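Below is one structure, written out as structure tokens; the observations come after it.
So that you can tell them apart, the chains are marked A, B and C in the order they are listed, and the count of residues begins at 1 in each.
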């Protein structure tokens, strides 16, 4: 590359970080303003401009423009101030941007695969320029978090997600590929407007869609190898669950909604058992719902109990999921699926028909809001649990705040501060009237998915087992220091997520080599140095050709 | 070109206007959303988005983003709604954008030539990709209209100007080259901030700057030929005037501030003499100032009088410029330069020291606000002139409105509507209490410079004489219809400027061939068809390779 | 790629195999003659042209021109008729071409690394376009086979060699890299002429040369990985031997002169023991020389004896190398190096000072001409051995024919046809007066090095052990059929070398996985299908973009 295409390419574009000698040798002289700036000046300038803006959507437009222009400076900006720019880059600002502005990308991002393109997906994959990609994020747009069906406009969900992949873990930006598979949109408003950008049919739910998914995965693994990591982001619950079950064995697929959330919740529980004297195996758990997400969380919990030596049956006896119809129990009138069969225990005497009565009779030590039907955790049940348990553990995993089962402020104020609270939604620190301000921990998947993805990429793992996420949860819990536990935090601070992700990767990497699930050989003697070398560094590299004189 | 670089190039980028067969043959399949859109849908979408925005600066950012992304659609948007988007694209929104946001261009535009690059300007010119350029706009940034010195941030002034070159005249976008020559900035604020993007020295006024201008013009004419049209935009008054005088003979240079404004004012005067019974040669003129701009206007006026057969001396006797010190008169104590010597007439008896008394004694038929010292046209002098003349002609050429000598509303209301008013600043229609709403004509250079530039480009003219602008003014006046003259308008509507510009070009082209100043041979038999063929059309052209089967 | 660069690139160039639709879609229409030809017509045409030529050097020029023009057709031509074109492409015609015509390549081939470029070898390696290379052949030019020192003109030796890598094994042409390291030339004639193309200094033998080799290997392994296969071709005996010893452990290096020749000779010996009733371990061996080449051959022989269960000491007792001074024996006046110490046996009673007397007393069953001092195998010693042994085994590994120790015709005629003869030099079939025409087997490294290289490339082997070549020799011997052994052939025919090489690779691959020396995981269940899939196929692949119509 030379001349103008050097700046036009975001991978190699330096803005004004092009030194004078670089400008003169590479033919960039005269096409740039006379000033020469280090990357620090560039980042400071864009941080000032970002501080000027006041709305998260405007910040999103600005930061994505920076990404389309210069990627290395964009990632330095993102890594430099990551706690404040993470909501802008991934969630929930991406949903709002996709809904209101639709498609904003002034540059080709990822691939658009349609059901009209069935039978020829391999050519579409061949059209993608990058020869080696390691991570692929696939979206259907059917279930955008909090916005329902956006159709083809959900392509911002993978791209933003991939930014985190590079901002936290260190995966190279050119090894990532965001893919949007659109089979139509289900909402009327998108079907009606003339400026919708995609198929105008209603969403296709026939065998054609399943065959399209099969063909796409086969084509991507044919071009990029069997060990390419493919992640299904924001599919429908039915589609995502079924596709994870179908492709988990064949391909290197892990789903963040099902598996990452279980890892984050289990990490919170391990932090709680580090704070509370009693262990996890001693105390029983009550779930708000019983679905494959809830079954995944309970499976991680029972695995964590088993690894400590306690028997699988005794560990399963602890969890008592509660369905929509009622408490999950043997002989119940309501149907019981095979997956939720293991947590089907003996009948309680009352057989309560309400959740509050269920807490009253069962007297659980931990409560988990996995059902997400809405604002289910009433103050009455919270007070009942606080009476039952000395230090109750309350989890409200659903987001946003309105959809959450409980509010951190109410949960902390209603009790005397004894409860341990962790929620998916972000909440500000809560200060009681007497004092003792409490900061509710926030558990989001950004803790887990980047580090696990980096470890799987580096280890050339072909099958992502369910125990990998247990190891990741243990690593995430071990990240916490003693003083953080004393403060009452259950998760490491998001201000220094990058190192956390790196550490997580290390642990997973060691596990992947201990259990013969990693196919990158020779096995490194030290995993930490190997992963720290493999990571991407967002620092400009000189393009000056080496000039010397022969003797 | 094939694949991704086809979209990355704004010249060849089509957005979703890429037909399905084009996407499949050229390898764009899968990189675009599934929808295929004609250019009309694209323009409608962007017009709706533009209507959503409410501030002219936001509109400027949006439209320039469109230009950086897809140029043909940008020019269709600009030509489609040109009256409302012309203030956004060129003036005064470009000044505000350059002042507040500095440099916003996410793509290389034009060239940046600095005084530190002296001695090597030819290499900088060689760095520019386009092999053939016909028009060059050079800015120094010293005098941005209404904003003083912006230093290197004035580069938005050429680029926006060049948009008009393509939006009105039809000059090809790739034949244009915006050049910013920065020799430092004079204002302290730009020198002080760390994020200024250019030289941190104070503006250089020595022989080095003149030699840099000489070298730049020599280098540009060496690479692109002697007939390359070079225009000095927004230099300092001293620098622009001196450089026009120096390079007018050697190179194909015309300055819009000096020569285009004279053409527009003379066109307004010709429209006035079409409205008013009396001819131009019969009535005398009084100027608010006497400078090379005022001398250029008066020179155009005397040329127009001469071409009608009236002697040069008699024509010169009519104009009576008024200096800052006082009325320009022979034997005056104040200095008289050689250029303003011809309009130095016999002493009036009063020798008035104030402008109002000057109007009272001289009793001019026409008044022209070329001095622009500020709000000089008092209501008293306006009433005095309206008493003197049955239908006074009042010109307030200075802009913005605050800097204008008079307000169109006040000028029309104060008189009974008899006056003919034309101003550089845009004014809304003025409706009197009794009735008879009057729309003051607005005279801006966008009438003249695009068509003249197109004619000069097509005719391969090496020297732009001063009579070319007289011919252009006559053409612009002839554009007006009888009903428009009856309404009181002095200029053609800006809604249909494009055709106006085309017509202007035709006339100039004919003149350039009648006076042996055009070097494009063979001379076309009909100039209209020649120019209408040569113009650029902002319509997508199919990239499909021709596929046929041999017999 | 599109248009003219598609033909200019030999990798993607098809000549007239471009179908009409390919020409029309890819923009090649009109740049090619109207005819459309399959690859068969192209190969037939070039075979006819090749038959017209009469001198091997002219054939070499023609075939290398074809390679520079279209590589896939060149490799189809080479594979189609490989027995006759192998002498043209690699040996000995490459030496003659390099000597007489110097550098003939009209296209950049490989890299030229000079000692003046020391300290900056990494930049030179970075200049090479191909991102992934698997095989590297490095030449110094000091010892070209039969032509001494050619300096920088020896670059034809790697390139031609790499052709075999693709013609026999199936290694992709773009994964190969020929490198010529020139530290000067030692011969006066090249130093004297003005048109020599390289350094005009005498060959550098100081520490600078060793440091240059170290730096080059480090730079190549840094860019292309630790498992890149690097082969030292035609270095000096001292330099090649020392560099193999030094870099065998660190890098994936195998030397054909030392290790491949041992494998070929051992394969001949195994074919002999399949023809002769007695086993290898039963009969003793006498060598003409004792050097690291002879020690390598004897090491392969003792390994082959050991793998059959016979003890290492007993196996070593069999080989009796004969030095230049005299028979290698304990207590000898002449110096004995550490490497040749194991084959230092008890003193014979005569202690013969001549080779004929050595054969007379020792009465060896096998004789091997590894010394290559010249025409050493006198008819007297041949008759003596034929009297000693019922079916003597005579090996003349040195080439060319004049340098050979014996002539196949003389060896076969002098005995009654009982002897088994294998020589490096090619010899025509020898027909005795009574009858029974005998075809002497020819043992050249082209049997071994391509298949071993392919197996090492596919298995990602980091260290090439000495037992790999023993396994390769066993595979090569097992290639022979029973009827071929009955005919008296010791090596498979060269007409079908490709499949032979493939089979060799398979065996080596299995060995590399059986001994945990292969780092490509997951380990394939069947090695044969894996290697047969991985090989390069010299068949044109359609460049037509997939064109379909959406429903």
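FYI, a contact is a pair of C-beta atoms (placed from the backbone, for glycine too) under 8 Å apart; a residue touches a chain by one contact, two chains touch by 3 or more.
Peer 1: Name the graph shape formed by the protein chains and their touching pairs; answer line, ring, star, complete or other.
Peer 2: complete
Peer 1: Compute per-chain Cα centres, compare each with the mean of all protein Cα atoms, and return the closest chain.
Peer 2: A
Peer 1: Quick one: report the Å distance separating chain A from chain B, using the average Cα coordinate of each chain.
Peer 2: The computed centroid separation for chain A versus chain B comes out at 55 Å.
Peer 1: Could you work out how far the Cα centre of chain B sits from that of chain C, in whole Å?
Peer 2: 76
Peer 1: If I count partner chains per residue in chain C, which residues reach a count of at least 2?
Peer 2: In chain C, 545-546, 548, 550 touch at least two other chains.
Peer 1: Can you check the complex and tell me which residues of chain C touch chain B?
Peer 2: Listed in rising order, the residues of chain C that touch chain B are 1-2, 20-21, 24-27, 29, 34, 545-550.
Peer 1: Please give the residue numbers of chain C that touch chain A in the complex, ascending.
Peer 2: Interface residues on chain C, with respect to chain A: 114, 116-117, 119-120, 123, 462, 519, 521-522, 545-546, 548, 550-551.
Peer 1: For chain B, which residues count as touching chain A in their complex?
Peer 2: Contacts found on chain B: 3-4, 7-8, 16, 27-35, 41, 44-45, 48, 65, 68-69, 103, 106-108, 111-114, 116-117, 123-125, 127-129, 152, 182, 194-199.
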